[PDB]
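Step one of this worksheet: look at the structure below.
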Amino acid sequence: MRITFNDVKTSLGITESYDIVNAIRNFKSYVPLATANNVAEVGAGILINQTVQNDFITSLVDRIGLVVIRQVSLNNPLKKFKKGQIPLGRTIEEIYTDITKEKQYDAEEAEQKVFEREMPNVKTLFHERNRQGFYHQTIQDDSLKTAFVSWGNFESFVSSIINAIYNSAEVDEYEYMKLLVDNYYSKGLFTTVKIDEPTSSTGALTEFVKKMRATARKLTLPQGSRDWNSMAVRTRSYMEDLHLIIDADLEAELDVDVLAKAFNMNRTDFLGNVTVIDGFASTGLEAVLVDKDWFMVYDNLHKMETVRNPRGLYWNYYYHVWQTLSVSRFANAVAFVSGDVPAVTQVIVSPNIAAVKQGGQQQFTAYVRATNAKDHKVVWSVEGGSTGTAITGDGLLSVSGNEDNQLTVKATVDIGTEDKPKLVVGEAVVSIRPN
Amino acid sequence: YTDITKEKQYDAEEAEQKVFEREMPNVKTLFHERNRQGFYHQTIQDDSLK
Amino acid sequence: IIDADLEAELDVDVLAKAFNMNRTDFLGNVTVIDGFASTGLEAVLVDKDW
Amino acid sequence: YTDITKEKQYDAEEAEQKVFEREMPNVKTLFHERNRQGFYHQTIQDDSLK
C-alpha cells in the first residue's frame, strides 16, 4: 500500500527516466529524445500544445499504470489463490476419481469379464461468483505542470497516481474473499466443529486450540477420512497445504506460537498460511480451515481508460477489474463454529446423480454430518409417483417397467420433537433410459 | 493523502449519464514542524599540537 | 508406528526429546495409522530393517 | 442472427445530453444438439462358409 518508484523500477526493465513513451510514439519534432539531466526541455516539449500533452498523458497513464498494477497485484501476500487468465473451454465441470481398494488376482474371475467398466467419476459443478467494478481517479493540469522541476518529481507523480488504485484494489480483495467465505458458510457446505467461545476465558482458548489440532491431524490422515468435505468422496489433505482464516479478535487473543506448534510449522512459514479478517458477520463463525485448492480466483480482464475534460482542465482515468472466484466442492473445509448449531447439519447421498434402465436397481447410501456423538436414523422417500417404484429402508431402489417420469430420491433425518417444524433432506436425481 | 475507498459496481446505464465526474478531495493538511539550530565549539592549545 | 488418536493427543515435542532427534528429523521416523483393531494395541516400536 | 434497427430524427439541442445513451442491438440465438447414435453389426464365418 506504499508503492514507491522502486516497485515500478523493478516491474519495468528501465532505470529512472525513459523515452519508451516517445519510442512507441508529428510527435518526433516536439520533445527532445535525450535522457540527460535536463528536465525543462522535456517539460516544455510535453506542454507545448494540448494534442501532444493529451497523447503523452494517455500513453503514460494507460500503458504504464496497467502494466505496473498488473505486475504488483500478482505478488501480494494472497497470491497463492490467484491463477492466470481463465482457460478456454473450462466447461465449469469438476471430475474427481474416488479412491478404492484393489481387486484380488483371480484368473477364473478375470476370464468372464474383461471389458467391464468400473464406476462413474462422480461429476459436479463449480461454485462460481463473479465480480466487476471500477475505482477511477482524477489528475489536475496544475499537478502535471508542477512535476517537471526535477526527475524526482516525475517519479513521485507516477507513484502517486498508481498508489491510490493499488491500495484500494488490495483492500477490496480481502472483503471479496470474506464475502465468498460467508456465502459458502450460509450455503451449509462446510463441515462443522463445535467450540465454546474461545475468547471467553483461558480454558476455552486451550480447548479450541486442542480441537483445531485434532481436526488438522484427522484431516491429514494418510489413509483418507471422507468425514469432511461437502460430499463424502474420501479425499486426503496435507499438513503444509492447510490454510486458516481466523477472526481478528481471536488471533489477537491467541499468540503466534503454540498455534503454529499445533501444526508442524514454526512462525516464519506459518504466518504465510493464515489470513486475518475483522469479524465474519455470520452468526458465530470464528475460524475457517480449508484446503489450499479449495478457493481459486481467475481474472477476466484489467483495463485502464482516460478521458479529458477541457472545460475544467483535467483528466479522469478509470481502472476496471473483472474477475471470477470459484470454490471447489471436493476440497476439505471446516467451519469451527461456536453457537447454537443444530445436531444435524447436512445429509449427503453418495451416488449423487445416477441413470438406470427401465427395470434396474440402485443402492443409495447417506452420510449425516452430526455435530454430537448421538447416532441418527435416516428415512428414505422416492417422491415421483408411479406403480412399483419404491425404495427399501436400506436404500435399495428398484425401477419398475413402463416409466417415463423423472424421480428424485430423498434421505430425511428428524431431530425435532412431537411438533417438528425442522427437516433436513438430501436429494439424488435419478434418470431413466428405455431398455 | 488519498483515502482508500470501496469499488463502484460496473453499470453502463449509470456510466453513460456521467463520465466527466471527479472523485473526491484529497484531504490536504499541513506538517507539524520544529527547527533546531545550535553549536558546540571547543578549544585546542598550541602545546597539544607541538 | 502409532495410532492416529494417540498421535493427535501427543504433542510433536517431548516425544522427539525422548529420542535424540528434534522434530524435523523425527517426523520422518514415525508412521500414523487410524486404528489397529487388535484388542488393546496402541503403538509399535520396531527396527528399521524389521 | 442480428436484425435491423429504427431511425431517429436529428435534434442538435437534444444531442447535447444524450451522447452516451445506449440502444442495444436486436440479437437472436438458437441451439442445436447431437441426436443420432447408431451402429450396424454383422458377422462373417468364412472358414465354415468355404
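Residue numbers (our numbering), protein chains in the order written: chain A, 2 to 436; chain B, 12 to 61; chain C, 337 to 386; chain D, 12 to 61. Positions of the beta carbon are idealized from the N, C-alpha and C atoms, including for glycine.
Look at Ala391 of chain A here: in three-state DSSP terms it is strand. At a Cβ-Cβ threshold of 8 angstroms, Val182 of chain A and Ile96 of chain A do not count as neighbours. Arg132 of chain A sits in a strand when the DSSP states are folded into three classes. Annotation for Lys358 of chain A: the continuous beta strand (DSSP E) segment containing it runs 355 to 358. In this structure, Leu79 of chain A sits near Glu174 of chain A, with a CB-CB distance shorter than 8 angstroms.
Around the beta carbon of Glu18 of chain B, a 10 Å sphere encloses 16 or more other beta carbons of the protein chains shown; the residue is thus reported as buried. Annotation for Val234 of chain A: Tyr97, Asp99, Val123, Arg227, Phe331 place their beta carbon closer than 8 angstroms to its own, counting only its chain and skipping 5 residues before and after. Identification of chain D residues near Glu24 of chain B by a Cβ-Cβ cut-off of 9 angstroms yields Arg33, ordered along the chain.
Secondary structure note for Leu220 of chain A: its alpha helix (DSSP H) is the uninterrupted segment 203 to 220.
At a cut-off of 8 angstroms between beta-carbon atoms, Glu27 of chain B makes contact with chain D.
In the DSSP assignment, the residues bridged to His303 of chain A are A:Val322. Taking C-beta separations shorter than 7 angstroms and ignoring five residues to either side along the sequence, the partners of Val348 of chain C in its chain run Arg359, following chain order. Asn230 of chain A and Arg434 of chain A have their C-alpha atoms some 31 angstroms from each other.
For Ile93 of chain A, there is no enclosing alpha helix (DSSP H), as DSSP gives it neither H nor E.
Within the segment 94 to 158 of chain A, complete alpha helix (DSSP H) segments of at least 4 residues are found at 108 to 113, 143 to 146, given in chain order.
Just so you know, the alpha carbons of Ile354 of chain A and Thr366 of chain A end up roughly 13 angstroms apart. If you draw a straight line from the Cα of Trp316 of chain A to the Cα of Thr346 of chain A, it is about 55 angstroms long. Under the Cβ distance rule, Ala379 of chain C does not count among the residues neighbouring chain A, no pair being separated by less than 8 angstroms. Between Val30 of chain B and chain D, the shortest Cβ-Cβ separation is below 8 angstroms. In the structure shown, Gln54 of chain A adopts helical secondary structure according to DSSP, grouped into three states. Cβ contact annotation for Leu34 of chain A (same chain, cutoff 8 angstroms, sequence separation greater than five): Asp20, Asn23, in chain order. Annotation for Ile47 of chain A: the continuous alpha helix (DSSP H) segment containing it runs 41 to 47. Sequence-ordered contacts of the segment 211 to 224 of chain A with chain C read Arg214, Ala215, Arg218, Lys219, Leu222, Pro223, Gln224 [C-beta pairs closer than 8 angstroms]. The DSSP-derived three-state label of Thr11 of chain A is helix. Between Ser351 of chain A and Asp294 of chain A, the gap from beta carbon to beta carbon reaches 8 angstroms or more. Contacts with chain C at 8 angstroms (Cβ-Cβ) include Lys262 of chain A.
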